[PDB]
Amino acid sequence: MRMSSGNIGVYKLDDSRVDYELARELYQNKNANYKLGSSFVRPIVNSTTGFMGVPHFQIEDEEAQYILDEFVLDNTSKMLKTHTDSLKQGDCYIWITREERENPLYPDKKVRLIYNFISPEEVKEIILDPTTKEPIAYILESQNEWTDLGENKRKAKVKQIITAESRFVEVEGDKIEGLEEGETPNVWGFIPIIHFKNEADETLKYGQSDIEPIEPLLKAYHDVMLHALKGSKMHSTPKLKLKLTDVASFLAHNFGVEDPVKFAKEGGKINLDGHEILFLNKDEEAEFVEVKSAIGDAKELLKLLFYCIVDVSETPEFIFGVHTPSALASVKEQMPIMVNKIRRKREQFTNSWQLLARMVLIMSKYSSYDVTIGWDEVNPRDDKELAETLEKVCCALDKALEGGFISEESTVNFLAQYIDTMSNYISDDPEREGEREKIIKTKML
Amino acid sequence: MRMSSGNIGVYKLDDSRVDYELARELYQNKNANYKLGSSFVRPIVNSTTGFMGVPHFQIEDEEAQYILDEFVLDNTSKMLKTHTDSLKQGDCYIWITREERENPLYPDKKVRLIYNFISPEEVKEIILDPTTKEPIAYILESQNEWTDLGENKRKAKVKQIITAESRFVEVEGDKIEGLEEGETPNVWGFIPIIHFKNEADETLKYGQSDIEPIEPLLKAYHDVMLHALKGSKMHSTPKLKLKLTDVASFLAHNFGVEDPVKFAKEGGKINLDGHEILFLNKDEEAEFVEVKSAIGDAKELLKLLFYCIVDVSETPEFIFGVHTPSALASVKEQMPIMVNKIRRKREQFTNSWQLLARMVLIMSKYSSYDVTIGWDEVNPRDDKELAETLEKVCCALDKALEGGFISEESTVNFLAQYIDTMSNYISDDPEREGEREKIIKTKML
Amino acid sequence: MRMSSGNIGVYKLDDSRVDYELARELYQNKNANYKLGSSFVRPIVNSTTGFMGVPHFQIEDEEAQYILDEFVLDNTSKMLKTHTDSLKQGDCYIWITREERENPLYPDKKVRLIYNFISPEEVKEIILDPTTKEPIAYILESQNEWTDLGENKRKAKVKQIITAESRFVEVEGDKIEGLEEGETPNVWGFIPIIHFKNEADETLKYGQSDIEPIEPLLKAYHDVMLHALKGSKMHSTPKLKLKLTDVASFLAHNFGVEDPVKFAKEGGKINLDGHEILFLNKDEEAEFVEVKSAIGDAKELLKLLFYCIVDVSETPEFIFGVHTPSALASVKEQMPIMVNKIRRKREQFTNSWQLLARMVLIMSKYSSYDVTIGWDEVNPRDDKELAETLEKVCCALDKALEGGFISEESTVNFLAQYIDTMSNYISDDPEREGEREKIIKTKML
């Protein structure tokens, strides 16, 4: 709606968070208030995170490219889990750490960069620069309950302040060997934590889960489903109604129920087999008390709520094709809608991935530290069609020779793109296959 | 839902575990509280585990590649079983052991690496490093009840601590010949156990079964089915109602029931056939007491619960095409949904497979220990189309010769991928055929 | 479905068995409690065992390959029956024995390896190594009732211990000429028995039948069908109702039933031809007492149970296309589902087949004893398409000659694959046709 120019309050940033425990419960269908309704959460989040894939780090420096290739080779699955965590929870925090420990399971890697997840509950507070809004300190806090290599239980409340100039850590409880209390300097002068913020908003400090828009619809769907289930349980089975001359005599004679009041008080049950025949007198009557529909219009309301859920999440209908088998007729026809959604969604994380690649390069000189994020194919391209258009361009070239030698400039780029498309396996997330194939080719020659 | 920045509890890792016995019972349709509902568990789990196949270990060192080829040749089926176990139970544990025993059944393989399964119930406790969160000890425990080669029954409670520096085993009860009590050194400085964690989450210590999201839906489906079945058994067959002048005399004359009270008390049955004729008085009446529908709306509710189950598991609709025969048509059209699900699912295990391959290589010097995991094709490629695009690329090359000799770098990689696509049989799990074809070629030359 | 870390009992191996007699009765539709329900057992097991075919033993040693070719030539049908038995019963035991007896029916084969089945009931107990869980003794027991070549009946209770170091046999009854009583040495120091274990689980000593998951559904289907059939038999035929002024006089005049009580006591029947005309007085009435539906909703419940059975067994819908004729229209479209199921199923037996081939090779020096298990085509390939892509390979090669002489390496492997896929007849189980074609080529030259 509209409003006058005045009569509007001062802008204030929101520090509210996503209630990550509830989001995880909805994702796993565990919350009792959403069990019948939260069935839609998993397909939405998982289809969205599967179709967007993982970033493909691209940089023009050969050494930086090699470092990023090694990093993705190590942590492509962790990147995909970062995507699905950000979608489910709204916030996901990635901590890059460098460990020089020597252990015999990794004799080939003296120094390793670790892709550590900080659970969003651990981040008690983020201290932002009031002007530039970038973080200047992360207040992590966790309750570590663990067991010693002996038989002793252990507990410790660890809070650690992570800042660009140093990191402080103090534990309130049992000793932890790997963490040294007190302040220790931070080797690089930046915070090595990356905040992944799904559905980031300029008026919000933290991200938003993809479940948040649909959550009231899930609640309504659960309520309608539960009401329908209870109504059917109570009334779907018709009730036999016997209008008897003497109810007590009939019960005593036919079921041995001598005291029906006590029989009802104790919840007694009359056993029936189905193949019964009724011998009544003239005045008595037997009839079934039956409902035309114990559910009423709950089916239509659930269909409307399903439509609203699909609209809000913007899920293409083939994801929910069991509801609407028409969508399964042509997935390729609907795939542009998925491409549009994934295009919109990938931009919410590419800046974070550029920051992560920049920090990885710094934490391990290079002519450039900027990275461009490539991506997996949402709608896979036909390699045969690519070769067809390649040969068509080639035969178009080498004719009307006044055009100059930019034919080489065009064809080298086309060949590079063709190799990228061909070597990247459609059904395998990331581009580890292409990197390892290049490495094997370099080794074998 | 949202919440304020404050008023949030401290993060704590969850040590809860999947009820493995219940998970197996649901998988095998054995639990009486889920028999009519747990019919969906098997298609979900088995379609997911069969479409993802088994990993293809790739490494640039030829010795490491040969070792991994031998390992997959020996233990490819156990890896598919590991996938199935991780999906069904949430947790699967693989113990790699090296055995030098000489037995006549293996005259050649003097030394063997054994792919042993630790049942998830055996793992009494996992001791984690409080900082790095990696396991530093595994507390295994099992009750071994067995028969001696004579006639004697044997029972022994064995618990063994498996640590990176040594392994300790103590057995209470009868002697076990193959296990030596007390501590013995660990020849390898790392724990040789691999923890396969399905649906791993940063806030969880153990994996989640694929049955957990659908379990309440399975329970509701079972309840609705059982209620419908009981209602139909009670009321589907219509009941003949006779309004007689005198019931007792009618029963005595027509069925010889001289004492109807005792007849009902003992549960006597009146034998009848379909062909009958009723001779009644003018005042008497005979009628059938019948239900329009003994089930009511349970069919619609079961349809809704089936939709919820299919949505939660994200199973493509052709898996349950008997419910929806439209889904059976155009399975290739629905394959991208399966491809997406398998893409997302394979990343929960690839890191564990990298660890397993690394440990196998260390257990059996190599220039590298990093293994890249390939995979079976979900939507198999057409060999003829690969040949066509190979020809198109080839004729595109050898023209506009200013491009240089990088055409070798593209065509050799394409030929490698091409031979990989051919030698790997689509219908056969893993790549045993591709490895042994090369081995037979090397032998025969 | 979750549980806390503690409050879990110790792991114990389960030695329950599959009730093989009941499984065979269900397979043969012989159990009276499953006759109307067990109709689905045969198509499930037989489709699964027929589409998976038999193993193709591949080894790189020419002599070992020849030995395995002879073995499969002898025992391909027994191998397929082993698959069927493992699926039906859960357990199948194969005993490889070597006999040097001279008989005139086999003058060409002085020494033969016999593929003997041990019925799973014969195996009283399997003694396992408590640590490695490999069997160390098989306790076989059978009641041999037979006839002498004369007129005498014979009965003997034979139990034999089969161990790696020796085999013991004792007979409690009549003499058996072929079994020398007492202990005898084992020529090879391994047990010559192979245990085929369908649906093997780490927590189960024995295998599981494919009937076990569906058995409660079969029981429910039988119960619903039997209730429906009895209800229809009782009530489908409408009952003629005559409201008469005097029933006894009517019966006496129209049917000669002078004493209706004695007529009803003896179960007398009134003969009717269908073409009757009723002459009544004004006060009397005649009407048919008829049911709208004697079955009620049993049809819908049976459809639901059929869907559950198809889901549990994971049978592709074209196997039960009589229920759903839509499936039959697109069998080729559904073949990927069958391929997935069969690919998953084959891995449960391939280790046993590798062990069997290894034992066969040992029981008859070789450079290698490891065998790779090939398989029949589930979705058969088109030979013309294979030749087409071969031509595409050939024209792609011999161009851009810097690639080297690995064209030979690729093309020889593809020619071998083409010969394999061409000579192996699709409609004939196994590869005996290709083996004898090669043998005839060698003989005739």
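We use all heavy atoms of the structure for the numbers below, so side chains are in, but hydrogens, waters and symmetry mates are not. Lettering follows sequence order; numbering is per chain, from 1.
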Relative to chain C, which segment of B:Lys441 carries a heavy atom at a distance below 4.5 Å: side chain, backbone, both, or neither?
side chain
C:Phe414, part contacting chain B, at a heavy-atom distance under 4.5 Å:
side chain
Contact part of B:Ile277 toward chain C, heavy-atom cut-off under 4.5 Å: side chain, backbone, both or neither?
both
Which atoms of B:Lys30 come close to chain C, meaning under 4.5 Å heavy atom to heavy atom: side chain ones, backbone ones, both, or neither?
neither
Side-chain (C:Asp129) to main-chain (C:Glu134) donor-acceptor, under 3.5 angstrom
no
In terms of heavy-atom proximity below 4.5 Å to chain C, should B:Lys78 be classed as side chain, backbone, both, or neither?
side chain
Is it true that atom NZ of C:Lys133 has more than 12 heavy atoms of other residues, nucleotides or ligands lying nearer than 6.0 Å?
yes
For atom NZ of B:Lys292, is the number of surrounding heavy atoms from other residues, nucleotides or ligands below 6.0 Å larger than 12?
no
Point-to-point distance, once rounded to the nearest 0.5 Å, from CG of C:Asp223 to CG of B:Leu229
9.5 Å
Is B:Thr411 in contact with chain C via its backbone, its side chain, both, or neither, using a 4.5 Å heavy-atom distance?
neither
For C:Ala137, which atoms come within 4.5 Å of any heavy atom of chain B: side chain, backbone, both, or neither?
neither
Under a 4.5 Å heavy-atom cutoff, which of C:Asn379, C:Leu128, C:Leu304, C:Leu272 has the most pairs with chain B?
C:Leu304
Between C:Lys241, C:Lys392, C:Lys303, which shows the greatest number of heavy-atom pairs under 4.5 Å with chain B?
C:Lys241
Chain B heavy atoms under 4.5 Å from C:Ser326: which part of the residue, side chain, backbone, both or neither?
side chain
Name the region of C:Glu215, side chain, backbone, both or neither, that has any atom closer than 4.5 Å to a heavy atom of chain B.
neither
What residues, two or more places apart in sequence or in another chain, satisfy side chain to side chain contact (heavy atoms under 4.5 Å, CB included) together with B:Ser119?
B:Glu121, B:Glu122, C:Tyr11, C:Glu202, C:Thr203
Interchain contact, B:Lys81 with chain C, by part (heavy-atom threshold 4.5 Å)
side chain
Tell me, for C:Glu317 versus chain B, whether the close heavy atoms (under 4.5 Å) come from the side chain, the backbone, both or neither.
side chain
Is there a donor-acceptor contact under 3.5 Å from the side chain of C:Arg346 to the main chain of C:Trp375?
no
Chain C contact via B:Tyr418 - side chain, backbone, both or neither, heavy atoms under 4.5 Å:
side chain
Please state whether the side chain, the backbone, both or neither of C:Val310 comes within less than 4.5 Å of a heavy atom of chain B.
side chain
Is it the case that over 12 heavy atoms from other parts of the model lie below 6.0 angstrom from the NZ atom of B:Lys233?
no
With no hydrogens and no angle check, do the side chains of C:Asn413 and C:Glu409 hold a donor and an acceptor under 3.5 Å apart?
no
Counting only heavy atoms closer than 4.5 Å, note whether C:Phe250 contacts chain B via side chain, backbone, both or neither.
side chain
Checking B:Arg154 against chain C: side chain, backbone, both or neither under 4.5 Å from a heavy atom?
neither
Tell me which of these, C:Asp61, C:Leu397, C:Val378, C:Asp283, has more heavy-atom pairs under 4.5 Å with chain B than the rest.
C:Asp283
Any donor-acceptor N/O pair, B:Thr84 side chain to B:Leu80 backbone, under 3.5 Å
yes
So for B:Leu302, is it side chain, backbone, both, or neither that comes closer than 4.5 Å to the heavy atoms of chain C?
side chain
Geometric class of the B:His323/B:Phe40 ring pair [parallel <30°, tilted 30-60°, perpendicular >60°]:
tilted
Part of B:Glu21 within contact of chain C (heavy atom distance under 4.5 Å)
neither
By a 4.5 Å heavy-atom criterion (distance strictly below it), what part of B:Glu290 contacts chain C: side chain, backbone, both, or neither?
side chain
Could you tell me whether a side-chain N or O of B:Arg24 sits under 3.5 Å from a main-chain N or O of C:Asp201, the two making a donor and an acceptor?
no
Quick check on B:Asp15 against chain C: is it the side chain, the backbone, both or neither that has a heavy atom closer than 4.5 Å?
both
Heavy-atom distance under 4.5 Å to chain B: side chain of C:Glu333, backbone, both or neither?
both
Which one of C:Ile270, C:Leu305, C:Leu244, C:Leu251 has the most heavy-atom pairs closer than 4.5 Å to chain B?
C:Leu244
C:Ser410, C:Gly296, C:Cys395, C:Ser232: which one forms the most heavy-atom pairs within less than 4.5 Å of chain B?
C:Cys395
Please lay out, stage by stage, how C:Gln354 and C:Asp370 fare under the test side-chain contact (heavy atoms from CB on, under 4.5 Å).
CA-CA 7 Å; C:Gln354 290 175 307; C:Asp370 290 297; over 6 Å; no
Specify which of C:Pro130, C:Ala264, C:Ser407 makes the most heavy-atom pairs with chain B at under 4.5 Å.
C:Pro130
Donor-acceptor pair, side chain of B:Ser47 and main chain of B:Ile44, under 3.5 angstrom
yes
Applying side chain to side chain donor-acceptor pair (under 3.5 Å), can you list everything that pairs with B:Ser330, at least two apart in sequence or on another chain?
none
Give, as side chain, backbone, both or neither, the part of B:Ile419 having an atom under 4.5 angstrom from any heavy atom of chain C.
side chain
At a heavy-atom separation under 4.5 Å, does C:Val289 approach chain B through its side chain, its backbone, both, or neither?
both
Residue C:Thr315 versus chain B: region with a heavy atom under 4.5 Å:
neither
By a 4.5 Å heavy-atom criterion (distance strictly below it), what part of B:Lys299 contacts chain C: side chain, backbone, both, or neither?
side chain
Could you point out which residue of C:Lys345, C:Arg344, C:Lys341 forms a side-chain hydrogen bond (donor to acceptor under 3.5 Å, both in side chains) with C:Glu314?
C:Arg344
Steps toward side-chain contact (heavy atoms from CB on, under 4.5 Å) verdict (C:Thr132, B:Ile114)
CA-CA 10 Å; C:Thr132 59; B:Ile114 309 296; over 6 Å; no
Should the heavy atoms of other residues, nucleotides or ligands under 6.0 Å from NZ of B:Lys443 be counted, would the total exceed 12?
yes
